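Student: I'd like to ask some things about the structure below.
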Amino acid sequence: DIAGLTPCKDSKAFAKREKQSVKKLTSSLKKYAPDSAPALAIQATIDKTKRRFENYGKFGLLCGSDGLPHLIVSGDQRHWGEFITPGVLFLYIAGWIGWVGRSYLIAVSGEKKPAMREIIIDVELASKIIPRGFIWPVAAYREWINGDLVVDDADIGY
Amino acid sequence: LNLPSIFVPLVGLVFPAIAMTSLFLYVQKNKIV
Amino acid sequence: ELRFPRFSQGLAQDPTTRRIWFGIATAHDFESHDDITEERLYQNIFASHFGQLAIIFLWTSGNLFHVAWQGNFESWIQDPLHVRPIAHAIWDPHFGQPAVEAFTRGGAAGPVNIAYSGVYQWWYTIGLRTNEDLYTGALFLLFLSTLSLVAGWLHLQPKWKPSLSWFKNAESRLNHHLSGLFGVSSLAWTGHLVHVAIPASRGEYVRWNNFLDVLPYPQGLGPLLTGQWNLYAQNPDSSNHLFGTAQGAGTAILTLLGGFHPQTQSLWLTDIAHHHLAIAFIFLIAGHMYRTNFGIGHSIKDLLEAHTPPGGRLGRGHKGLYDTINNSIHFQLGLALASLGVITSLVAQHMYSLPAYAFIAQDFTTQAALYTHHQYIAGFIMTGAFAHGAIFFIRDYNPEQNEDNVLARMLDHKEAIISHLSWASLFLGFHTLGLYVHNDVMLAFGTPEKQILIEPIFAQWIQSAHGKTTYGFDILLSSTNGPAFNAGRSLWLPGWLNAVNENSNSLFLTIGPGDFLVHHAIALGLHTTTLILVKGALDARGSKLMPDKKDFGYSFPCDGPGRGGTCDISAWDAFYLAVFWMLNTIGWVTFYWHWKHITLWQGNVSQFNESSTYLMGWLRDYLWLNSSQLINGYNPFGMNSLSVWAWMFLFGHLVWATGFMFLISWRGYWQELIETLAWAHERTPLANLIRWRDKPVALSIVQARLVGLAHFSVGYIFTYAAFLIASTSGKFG
Amino acid sequence: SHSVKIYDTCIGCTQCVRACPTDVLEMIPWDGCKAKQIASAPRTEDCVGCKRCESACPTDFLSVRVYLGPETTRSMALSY
Amino acid sequence: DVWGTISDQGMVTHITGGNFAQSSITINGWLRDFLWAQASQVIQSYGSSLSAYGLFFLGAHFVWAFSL
Amino acid sequence: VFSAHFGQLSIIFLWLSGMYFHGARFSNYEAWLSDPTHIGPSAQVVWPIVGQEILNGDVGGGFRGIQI
Ligand code: CLA
Ligand code: CLA
Ligand code: CLA
Ligand code: CLA
Ligand SMILES: CC1=C(/C=C/C(C)=C/C=C/C(C)=C/C=C/C=C(C)/C=C/C=C(C)/C=C/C2=C(C)CCCC2(C)C)C(C)(C)CCC1
Ligand code: SF4
Ligand code: SF4
């Protein structure tokens, strides 16, 4: 397939690795009583391992000659679940955090001693600003349009 | 004759002695003119 | 002029040992000497450059003489794959008999050293065959080294001193150096290849006593004058040619084959000849651009004054840069050092993938040594470029005469520049270290299938574009029906494609996720080193913490404990900090090169492909595994030929560590201690009859930084050199 | 010997003179400030270059400046 | 010289087999027979119950270099 | 000084209480009492998330955990 890689659901090395891990777990499982707690924990680990391999196989990942999954990040539409969609989620969350921080700093700077409100948080004020990160992409865009996001170079100084 | 047997001591022992002697006497001069 | 140093009265009146140290350290800083003028600076520089040429010629002549006197070049010529070349004989009276036995190698009758510089392959490729030729070369170089000294002495006499305006004729110097130093030299070397080396690669011996009679080509210069140049290519060497012999030999002198010679695994000689001929042409044309005395040629100042964007986004453009550059020698040194560092790295990268010397590709230790050596030299040159660039801003830059040009606007948006460099460094560091740690944890918990492994798709795509077929991409030169494939299908594509798709050589190696990770680490190193050096250069004249820094010069200790404290505030200190990061980055580069090649040469690529994705793999499978022979050079049971390298290994670890002492503990501790020892000596009988004449004191702050960094660098280099040479030559020779 | 200089932003607070450990500086009459006095450095052959005077100065930027120069017995503080 | 196993006949086998006397008198001996030889357990611990010690080994090298 | 020393003693007692409780609740001390030379002491166990349960090693006596 892409870059000489093979789908993990059809890779012999992938199945070999799964079998080796399951055998290694079963060798430890064969040391305890069937109804003891360690046996149940090892059995749960075995079931989890089988589920992990099955999900990797059926989610469309690609495997190399080593028998391990590899990620594709060039933009191909068959692999957006690997980088692009989680990346959009990361950007959304990070923008929320940054936007609420900047809005708190701007709202608090008008007081007599703003620094006192930076080592002791005003939770009453922050609890009104936290929910507003929900629409940060709209607010930031509108603020950029109207020229409220950036300070002119002439005005920057201590 | 074995040339290394003569030249290794001259470069490793005697030449450094002469050079260091001259440099020590040069840096100690009270006046150079 | 009172005493040593004669060139500095301020140092000459110093009554302490500080007079001596500093006297040595400021000897070659001519600009700072007493009663110096502008003209004497240039003249003394000219004499010193002649001195450097004389020393270089002496070094080369010594190499030739010692190889001829004590080497086995003639024996090596006949069996180049199983004979080890000899550098020089050993005469050490401290040796014991087992060492005498162990170091006797290469067919010699005494203990010897094996050469790893590669001079045997080089000198065999250019047509040398006997010890008499080597002796004549050494004598000729001895003559040139004397010529350099005589010329330096002559041009320093009152009748023969050039004036100040002679040294500032930029157009004439550029013309002479482009046309004559580059182009004509290339022409002469092409002539050597046609008349000497290529015939030597076919069994014909041409020397100074018979070269007039023998013809380099059967039809002579007729095809050149008439224009039937294609006759110089039509009978190339056979694929079964034996390099020193006439079996399978051809008659062409200028070809466009590409690929490698099947036996020697190096580039064809006719390709090198045609290359140097075309390059010589290009430089000969390039050297006619500027105006000297004949009413034609461009003017550099008028070229600079014209290229100004009309929108005003670049201020006044390049107006005033001609005088700014031509009146500052530090600006010139910075430009030259930057260019030379870039091409040193380019030489290192191109000599491992496209070998040019016969039988050098099979000598693994030599190739490793050359790549590592030239990369470290390149790193030092790159740091020096920014150092002298920073010196420019303090000593020579004139604000009034650079008003609103590009150089001033660089100083104008320094905060933006530095902040964006910092952001890039932070991003690369966070995410690269995070991926490595995630993979390490996945390996530790026994679930290697949960690693994050990013395929280097863009680099594989470019490799496919260059002709590689490994990844199944069908693009450009990797496709069969396209304009690019068709255009070169008959010229050089067959040999080039044969070379690229052979997986035994080092031409476009196959790459994977480990390569992705290590390349992003190398990028981190480049960006951070650049951040440090650029911040040093752009803040040299001052900042908010020290707005008048330019009054204090390039190197000074500090500005005291006030205003919060000001340790390491000068530009010299920024250079000092950047050298550490340079060593780190070059270490990463050379580690990666060595491990990938060592697994290639053993036929075990999967070892690298699987162990390189986590850092414990690097620690265990590269460092720990490849030391076993090295640390057994001597042991309680005996010693072998690696003993010297083993000794050197420990020597390195020592010097490195000693440097820490100068870097961590500072001066005030040591001065107080020294006072007590002075008291003790003045009070001891039979010894107070002896008196010092320079009062002993502790080292200066800047001096200590320098000494510590020097011990650090020497130890670094010696340790890695011992490991590299021992590990490779223990396995392959 | 080091060089010490005084600039005309001085407000005549006298802190630098009090801070000096070898008596380099002193106050003299002036008419350019509200305190009617200004600092002076007449004995710089005894300066060691400690920069306590710079640490004491309140103006921005400094009004007293020290440039380290050629070293002597007095400026290296050698008792032997 | 002390720790080890003993057989039924009373033959003491030491963990490193009495190499201290001859090998500890050079620096190369400390480097080869002590650090390099005995680091094998900690560097081979991945995939077992002792892998936490390998992880801490690497992390502590990191912190040490960070202090510089 | 007196009051701060009392605080330090309180913290030390908390540490000892934790040690004895973890010995009583999550250890193989009783099994170790019957075969000291063959069983490895253990009094720390981990929860099964993100695969860290591999650290519960086979120390003996029907118990899995971290050796102390
Ligand atoms: C055609 C006339 C001519 C020539 C041949 C030269 C030659 C030279 N001049 Mg110049 N010069 C000239 C005219 C000329 N000049 C004129 C007219 C003026 C007055 C305007 C000057 C003013 C002048 C000054 C003021 C200075 C020089 C200097 C120099 C020297 C530079 C150092 C050197 O050797 O670089 C050698 C460079 C090369 C061989 C070319 C670079 C090659 C690169 C690195 C690529 C190599 C590729 C290759 C394949 C690698 C092979 C490696 C090998 C191991 C196999 C050099 C000897 C300097 C000097 O040192 O003087 C003593 C110096 O300071 N010149
Ligand atoms: C073509 C190359 C070139 C040239 C002509 C110059 C010329 C100059 N440089 Mg520049 N420089 C260069 C390359 C060059 N540089 C490079 C590559 C670097 C980066 C490392 C620098 C970094 C640099 C700095 C940081 C400074 C200069 C300065 C100077 C001045 C001379 C200072 C002096 O007398 O030092 C005297 C020389 C010494 C005291 C010797 C130092 C040797 C070091 C410590 C290492 C020695 C270790 C030794 C080999 C150990 C051997 C051990 C054994 C067991 C193997 C002069 C204008 C100074 C300047 O202009 O200040 C305003 C200055 O401060 N240069
Ligand atoms: C588990 C996954 C993971 C983790 C733990 C991290 C962790 C981190 N990321 Mg990262 N990242 C991830 C996945 C992850 N990333 C993925 C999948 C992507 C692909 C989209 C990125 C892309 C990414 C970027 C582009 C950046 C980071 C940065 C960071 C660091 C600072 C975040 C911060 O302070 O936000 C709190 C938020 C703020 C302080 C506000 C400003 C920064 C955020 C990112 C908002 C940016 C808004 C802007 C309009 C988006 C486009 C920018 C453009 C340059 C692409 C932090 C260590 C930042 C960094 O390294 O900075 C040096 C950074 O710039 N990450
Ligand atoms: C291994 C040693 C080491 C490390 C890790 C660093 C790291 C860094 N150096 Mg430093 N440096 C070192 C050695 C090191 N340096 C040495 C020996 C020198 C020579 C004196 C210098 C000289 C130097 C200079 C002069 C500069 C740097 C800069 C930097 C930064 C580069 C950008 C980067 O990667 O950001 C990413 C950050 C990191 C990788 C740091 C670690 C982040 C951790 C892992 C995050 C998680 C922390 C964890 C949760 C905390 C738990 C602890 C506690 C709460 C319980 C970074 C902070 C440059 C800088 O500041 O750029 C902005 C810079 O200018 N370094
Ligand atoms: C600070 C300072 C300084 C310094 C500087 C420096 C040191 C710099 C560096 C820089 C650098 C170091 C740079 C580099 C660059 C590079 C580049 C820019 C490149 C490019 C390339 C290209 C473009 C290519 C292309 C291609 C390809 C890839 C393929 C084939 C084809 C072609 C050829 C097209 C000075 C002296 C000025 C003075 C002032 C201040
Ligand atoms: S540097 Fe020290 S000794 Fe010199 S004037 Fe200032 S306070 Fe006095
Ligand atoms: S401390 Fe500064 S302002 Fe005060 S007297 Fe001295 S120089 Fe003037």
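In the structure tokens, each chain is lettered A, B, ... as it comes, each chain's residues begin at 1, and ligands are numbered from 1 in order of appearance.
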Starting from chain C, keep only residues with some atom at most 9 Å from an atom of chain F, counting only C-alpha atoms, and report them as a ChimeraX atom specification.

Tutor: /C:442,445-447

Student: Can you tell me which residues sit at most 6 Å away from ligand 4, counting only C-alpha atoms and all ligand atoms, written as a PyMOL selection string?

Tutor: (chain C and resi 422+425-426+429-430+532+577+580) or (chain E and resi 62+65-66+68)

Student: For chain D, which residues have at least one atom within 7 Å of chain C, if we go by only C-alpha atoms? Write them as a compact mmCIF listing (two decimals) with N, CA, C and O atoms, in the first residue's frame, please.

Tutor:
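Okay, selection.txt is ready:
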```
# COMPACT_ATOMS: atom_id res chain seq x y z
N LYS D 51 32.79 48.47 42.16
CA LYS D 51 31.48 48.89 41.65
C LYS D 51 30.40 48.93 42.73
O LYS D 51 29.22 48.75 42.44
N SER D 55 26.28 50.35 42.46
CA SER D 55 25.16 49.70 43.15
C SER D 55 24.35 50.70 43.97
O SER D 55 23.14 50.52 44.14
N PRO D 70 44.24 49.20 33.03
CA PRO D 70 45.48 48.47 33.34
C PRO D 70 45.64 48.22 34.83
O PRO D 70 45.35 49.09 35.66
N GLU D 71 46.12 47.03 35.17
CA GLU D 71 46.19 46.58 36.55
C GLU D 71 47.52 46.97 37.20
O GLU D 71 48.57 46.93 36.56
N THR D 72 47.45 47.36 38.47
CA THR D 72 48.62 47.73 39.25
C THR D 72 48.57 46.97 40.58
O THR D 72 47.65 46.20 40.84
```

Student: Could you list, as a count of residues only, all protein and nucleic acid residues with an atom at most 6 Å from ligand 1, counting only C-alpha atoms and all ligand atoms?

Tutor: 12

Student: Would you please give, as a VMD selection string, all residues of chain A that DSSP assigns to strand (DSSP E) based on the backbone?

Tutor: chain A and resid 6 to 7 62 to 63 69 to 70

Student: Check the smallest atom-to-atom distance from each of A:115, A:120, A:93, A:44 to chain F using only C-alpha atoms, then report the winner.

Tutor: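 For chain F, the nearest of the candidates is A:44.
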
Student: Write out as a ChimeraX atom specification which residues come within 8 Å of residue 10 (chain D) when counting only C-alpha atoms, dropping same-chain ones fewer than 5 positions away.

Tutor: /D:33,38-39,59,63

Student: If the limit is 6 Å from any atom of ligand 3, counting only C-alpha atoms and all ligand atoms, which residues qualify? Return them as JSON, numbers by chain.

Tutor: {"A": [86, 87, 90, 91, 94, 95, 97, 98], "C": [423, 426, 427, 430]}

Student: Since we have the selection now, will you write its residues out, keeping C-alpha atoms, as a PDB file, in the first residue's frame?

Tutor:
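This is the output file again22.pdb:
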```pdb
ATOM      1  CA  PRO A  86      -7.077  14.862  16.993  1.00  0.00           C
ATOM      2  CA  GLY A  87      -5.034  17.876  15.904  1.00  0.00           C
ATOM      3  CA  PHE A  90      -5.893  19.866  20.411  1.00  0.00           C
ATOM      4  CA  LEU A  91      -6.112  23.285  18.751  1.00  0.00           C
ATOM      5  CA  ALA A  94      -5.599  25.002  23.575  1.00  0.00           C
ATOM      6  CA  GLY A  95      -7.399  28.013  22.125  1.00  0.00           C
ATOM      7  CA  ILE A  97      -7.381  27.733  27.604  1.00  0.00           C
ATOM      8  CA  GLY A  98      -5.396  30.617  26.125  1.00  0.00           C
TER       9      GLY A  98
ATOM     10  CA  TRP C 423       9.198  29.589  19.852  1.00  0.00           C
ATOM     11  CA  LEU C 426      10.438  25.248  22.301  1.00  0.00           C
ATOM     12  CA  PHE C 427       8.092  23.466  19.875  1.00  0.00           C
ATOM     13  CA  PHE C 430       8.760  19.606  23.649  1.00  0.00           C
TER      14      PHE C 430
END
```

Student: Using only C-alpha atoms, determine which residues of chain A fall within 9 Å of chain F; present them as a VMD selection string.

Tutor: chain A and resid 28 31 to 33 36 38 41 45

Student: Identify, counting only C-alpha atoms and all ligand atoms, the protein, DNA and RNA residues located within 7 Å of ligand 2, and give them as a ChimeraX atom specification.

Tutor: /C:24-29,380-381,383-384,387-388,391,554-555,572,575,706-707,710,714

Student: Go ahead and save the residues from that selection, with C-alpha atoms, as a PDB file, in the first residue's frame.

Tutor:
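So result_30.pdb came out as:
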```pdb
ATOM      1  CA  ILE C  24      50.354  35.311  24.747  1.00  0.00           C
ATOM      2  CA  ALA C  25      46.611  35.784  24.249  1.00  0.00           C
ATOM      3  CA  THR C  26      46.675  39.225  22.571  1.00  0.00           C
ATOM      4  CA  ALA C  27      49.684  38.704  20.284  1.00  0.00           C
ATOM      5  CA  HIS C  28      47.595  38.326  17.113  1.00  0.00           C
ATOM      6  CA  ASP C  29      45.029  41.090  17.857  1.00  0.00           C
ATOM      7  CA  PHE C 380      34.002  25.250  14.735  1.00  0.00           C
ATOM      8  CA  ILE C 381      34.068  27.407  11.586  1.00  0.00           C
ATOM      9  CA  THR C 383      30.670  29.336  15.444  1.00  0.00           C
ATOM     10  CA  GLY C 384      33.584  31.583  14.457  1.00  0.00           C
ATOM     11  CA  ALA C 387      31.754  35.541  16.638  1.00  0.00           C
ATOM     12  CA  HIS C 388      33.430  37.876  14.149  1.00  0.00           C
ATOM     13  CA  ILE C 391      32.677  41.864  16.729  1.00  0.00           C
ATOM     14  CA  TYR C 554      33.629  42.655  23.016  1.00  0.00           C
ATOM     15  CA  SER C 555      34.946  40.704  26.031  1.00  0.00           C
ATOM     16  CA  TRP C 572      32.033  36.823  24.125  1.00  0.00           C
ATOM     17  CA  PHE C 575      29.893  32.635  21.967  1.00  0.00           C
ATOM     18  CA  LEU C 706      38.432  29.978  28.187  1.00  0.00           C
ATOM     19  CA  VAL C 707      40.624  27.374  29.928  1.00  0.00           C
ATOM     20  CA  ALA C 710      39.372  24.286  26.088  1.00  0.00           C
ATOM     21  CA  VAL C 714      39.961  18.531  23.904  1.00  0.00           C
TER      22      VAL C 714
END
```

Student: Using only C-alpha atoms and a cut-off of 8 Å, which residues of chain B sit close to chain C? Please list them as a PyMOL selection string.

Tutor: chain B and resi 4-5+8+26-27+29-33

Student: Emit the selected residues as a PDB file, in the first residue's frame, including N, CA and C atoms.

Tutor:
```
ATOM      1  N   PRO B   4      66.640   7.425  13.880  1.00  0.00           N
ATOM      2  CA  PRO B   4      65.685   7.714  14.962  1.00  0.00           C
ATOM      3  C   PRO B   4      66.319   7.740  16.337  1.00  0.00           C
ATOM      4  N   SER B   5      67.266   6.840  16.613  1.00  0.00           N
ATOM      5  CA  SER B   5      67.907   6.795  17.922  1.00  0.00           C
ATOM      6  C   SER B   5      68.638   8.086  18.256  1.00  0.00           C
ATOM      7  N   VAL B   8      65.262  11.369  17.805  1.00  0.00           N
ATOM      8  CA  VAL B   8      64.184  11.432  18.792  1.00  0.00           C
ATOM      9  C   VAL B   8      64.633  12.115  20.080  1.00  0.00           C
ATOM     10  N   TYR B  26      64.008  35.510  27.962  1.00  0.00           N
ATOM     11  CA  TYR B  26      63.434  36.637  27.237  1.00  0.00           C
ATOM     12  C   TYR B  26      62.334  37.325  28.036  1.00  0.00           C
ATOM     13  N   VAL B  27      61.437  36.556  28.664  1.00  0.00           N
ATOM     14  CA  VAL B  27      60.323  37.175  29.385  1.00  0.00           C
ATOM     15  C   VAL B  27      60.745  37.823  30.693  1.00  0.00           C
ATOM     16  N   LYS B  29      63.517  39.785  31.017  1.00  0.00           N
ATOM     17  CA  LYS B  29      64.341  40.964  30.771  1.00  0.00           C
ATOM     18  C   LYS B  29      63.713  42.209  31.383  1.00  0.00           C
ATOM     19  N   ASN B  30      64.528  42.988  32.097  1.00  0.00           N
ATOM     20  CA  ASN B  30      64.026  44.215  32.703  1.00  0.00           C
ATOM     21  C   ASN B  30      63.732  45.277  31.654  1.00  0.00           C
ATOM     22  N   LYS B  31      64.487  45.287  30.559  1.00  0.00           N
ATOM     23  CA  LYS B  31      64.298  46.264  29.496  1.00  0.00           C
ATOM     24  C   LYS B  31      64.750  45.646  28.184  1.00  0.00           C
ATOM     25  N   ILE B  32      63.952  45.822  27.135  1.00  0.00           N
ATOM     26  CA  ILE B  32      64.295  45.349  25.799  1.00  0.00           C
ATOM     27  C   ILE B  32      64.388  46.556  24.875  1.00  0.00           C
ATOM     28  N   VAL B  33      65.511  46.671  24.173  1.00  0.00           N
ATOM     29  CA  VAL B  33      65.748  47.795  23.275  1.00  0.00           C
ATOM     30  C   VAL B  33      66.870  47.448  22.302  1.00  0.00           C
TER      31      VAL B  33
END
```

Student: Throw together the list of residues within 6 Å of ligand 6, counting only C-alpha atoms and all ligand atoms, and drop it here as a ChimeraX atom specification.

Tutor: /D:19-22,24,47-53

Student: Would you please extract all alpha helix (DSSP H) residues from chain D, as assigned by DSSP on the backbone, and give them as number ranges by chain?

Tutor: D: 15-19, 52-56

Student: Kindly compile the residues surrounding ligand 5 within 7 Å, counting only C-alpha atoms and all ligand atoms, and format them as a PyMOL selection string.

Tutor: chain C and resi 331-332+334-335+338+342+382+385-386+388-390+392-393+534+537

Student: Got a sec: who's within 7 Å of region 449-456 of chain C, counting only C-alpha atoms, leaving out chain neighbours fewer than 2 positions off, as a list in words?

Tutor: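 Near neighbours after the sequence-gap exclusion: residues 68, 69, 70, 71 and 72 of chain A; 439, 442, 447, 458, 459, 460, 512, 513 and 516 of chain C.
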
Student: Please identify all residues of chain E having at least one atom at most 10 Å from any atom of chain C, considering only C-alpha atoms, and return them as a PyMOL selection string.

Tutor: chain E and resi 19+22-23+25-29+31-33+36-37+39-40+43-55+57-59+68

Student: Given the selection you just returned, output its residues as a file containing N, CA, C and O atoms, formatted as a compact mmCIF listing (two decimals), in the first residue's frame.

Tutor:
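To be explicit, this is the file written out as selection.txt:
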```txt
# COMPACT_ATOMS: atom_id res chain seq x y z
N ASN E 19 37.67 -11.32 41.19
CA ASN E 19 38.43 -10.50 40.25
C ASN E 19 38.90 -9.17 40.84
O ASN E 19 39.60 -8.43 40.15
N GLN E 22 43.09 -8.46 41.21
CA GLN E 22 43.93 -8.18 40.05
C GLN E 22 43.42 -7.03 39.18
O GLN E 22 44.22 -6.37 38.51
N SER E 23 42.12 -6.76 39.19
CA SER E 23 41.54 -5.82 38.24
C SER E 23 41.29 -4.43 38.81
O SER E 23 41.15 -3.48 38.03
N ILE E 25 43.27 -2.45 40.36
CA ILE E 25 44.48 -1.65 40.52
C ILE E 25 44.75 -0.74 39.33
O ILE E 25 45.79 -0.06 39.31
N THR E 26 43.87 -0.71 38.33
CA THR E 26 43.94 0.26 37.24
C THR E 26 42.57 0.90 37.05
O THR E 26 41.54 0.33 37.42
N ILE E 27 42.57 2.10 36.46
CA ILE E 27 41.31 2.77 36.15
C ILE E 27 40.55 2.00 35.07
O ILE E 27 39.32 1.89 35.13
N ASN E 28 41.27 1.46 34.08
CA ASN E 28 40.63 0.65 33.06
C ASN E 28 39.91 -0.55 33.66
O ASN E 28 38.86 -0.97 33.15
N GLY E 29 40.43 -1.09 34.76
CA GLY E 29 39.76 -2.18 35.44
C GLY E 29 38.43 -1.78 36.06
O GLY E 29 37.45 -2.51 35.97
N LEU E 31 36.59 0.73 35.01
CA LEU E 31 35.68 1.03 33.91
C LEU E 31 35.13 -0.25 33.27
O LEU E 31 33.93 -0.32 32.97
N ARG E 32 35.98 -1.26 33.06
CA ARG E 32 35.56 -2.43 32.30
C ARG E 32 34.88 -3.48 33.18
O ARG E 32 33.78 -3.95 32.87
N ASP E 33 35.53 -3.87 34.28
CA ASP E 33 35.05 -5.00 35.07
C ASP E 33 33.98 -4.61 36.09
O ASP E 33 33.34 -5.51 36.65
N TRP E 36 30.85 -1.42 33.22
CA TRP E 36 30.35 -2.03 31.99
C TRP E 36 29.79 -3.42 32.24
O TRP E 36 28.73 -3.77 31.71
N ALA E 37 30.48 -4.23 33.05
CA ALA E 37 30.03 -5.60 33.29
C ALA E 37 28.73 -5.63 34.10
O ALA E 37 27.81 -6.39 33.78
N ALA E 39 26.44 -3.21 34.60
CA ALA E 39 25.29 -2.45 34.11
C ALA E 39 24.33 -3.28 33.27
O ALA E 39 23.25 -2.78 32.89
N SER E 40 24.68 -4.54 32.96
CA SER E 40 23.89 -5.35 32.04
C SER E 40 22.49 -5.61 32.59
O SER E 40 21.51 -5.56 31.83
N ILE E 43 20.32 -2.48 32.21
CA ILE E 43 19.98 -2.12 30.83
C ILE E 43 19.20 -3.19 30.09
O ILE E 43 18.68 -2.92 29.01
N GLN E 44 19.08 -4.40 30.64
CA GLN E 44 18.27 -5.45 30.03
C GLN E 44 16.92 -5.64 30.72
O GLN E 44 16.26 -6.66 30.48
N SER E 45 16.49 -4.70 31.56
CA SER E 45 15.33 -4.93 32.41
C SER E 45 14.00 -4.67 31.72
O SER E 45 12.96 -5.04 32.29
N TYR E 46 13.98 -4.06 30.54
CA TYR E 46 12.72 -3.76 29.87
C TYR E 46 11.93 -5.03 29.59
O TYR E 46 12.50 -6.07 29.24
N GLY E 47 10.61 -4.94 29.74
CA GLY E 47 9.73 -6.06 29.51
C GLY E 47 9.53 -6.99 30.68
O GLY E 47 8.84 -8.00 30.54
N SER E 48 10.13 -6.69 31.84
CA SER E 48 9.94 -7.49 33.04
C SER E 48 9.45 -6.62 34.18
O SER E 48 9.15 -5.44 33.98
N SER E 49 9.39 -7.17 35.39
CA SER E 49 8.93 -6.41 36.54
C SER E 49 9.96 -5.38 37.01
O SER E 49 9.62 -4.52 37.83
N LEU E 50 11.19 -5.43 36.50
CA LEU E 50 12.23 -4.50 36.89
C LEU E 50 12.43 -3.35 35.90
O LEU E 50 13.43 -2.64 35.99
N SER E 51 11.49 -3.15 34.97
CA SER E 51 11.64 -2.11 33.95
C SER E 51 11.58 -0.70 34.54
O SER E 51 12.14 0.23 33.94
N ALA E 52 10.93 -0.52 35.69
CA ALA E 52 10.90 0.79 36.33
C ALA E 52 12.31 1.27 36.67
O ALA E 52 12.58 2.47 36.61
N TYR E 53 13.21 0.35 37.01
CA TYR E 53 14.58 0.73 37.32
C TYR E 53 15.34 1.20 36.07
O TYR E 53 16.14 2.14 36.16
N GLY E 54 15.10 0.58 34.92
CA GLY E 54 15.66 1.11 33.68
C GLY E 54 15.14 2.50 33.36
O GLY E 54 15.90 3.40 32.96
N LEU E 55 13.83 2.70 33.53
CA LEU E 55 13.26 4.03 33.29
C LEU E 55 13.88 5.08 34.21
O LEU E 55 14.23 6.18 33.76
N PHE E 57 16.86 4.87 35.66
CA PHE E 57 18.24 5.02 35.22
C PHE E 57 18.36 6.12 34.16
O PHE E 57 19.14 7.08 34.31
N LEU E 58 17.54 6.02 33.11
CA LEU E 58 17.58 7.03 32.05
C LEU E 58 17.15 8.41 32.56
O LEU E 58 17.80 9.42 32.25
N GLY E 59 16.07 8.47 33.34
CA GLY E 59 15.59 9.76 33.82
C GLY E 59 16.60 10.48 34.71
O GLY E 59 16.71 11.71 34.67
N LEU E 68 23.74 20.96 34.48
CA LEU E 68 24.90 21.66 33.94
C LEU E 68 24.53 22.99 33.30
O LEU E 68 25.34 23.92 33.29
```

Student: So which residues are near ligand 7, meaning at most 6 Å away with only C-alpha atoms and all ligand atoms counted, given back as an MDAnalysis selection string?

Tutor: chainID D and resid 10:16 39 56:59 63:64

Student: Using only C-alpha atoms and a cut-off of 12 Å, which residues of chain A sit close to chain E? Please list them as a list in words.

Tutor: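 Filtering chain A at 12 Å from chain E with only C-alpha atoms gives residues 21, 24, 25 and 28 of chain A.
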
Student: Take CA of residue 578 (chain C) and CA of residue 591 (chain C) and report the distance between them in Å, one decimal.

Tutor: 20.1 Å

Student: List the spatial neighbours of region 261-268 of chain C as an NGL selection string - criterion: any atom at most 12 Å away, only C-alpha atoms, same-chain residues fewer than 6 positions off excluded.

Tutor: :C and (80-81 or 121-122 or 124-125 or 193 or 197-198 or 201 or 236-244 or 252-255 or 274-275 or 351-363 or 495-496 or 498-499 or 502 or 504-507)
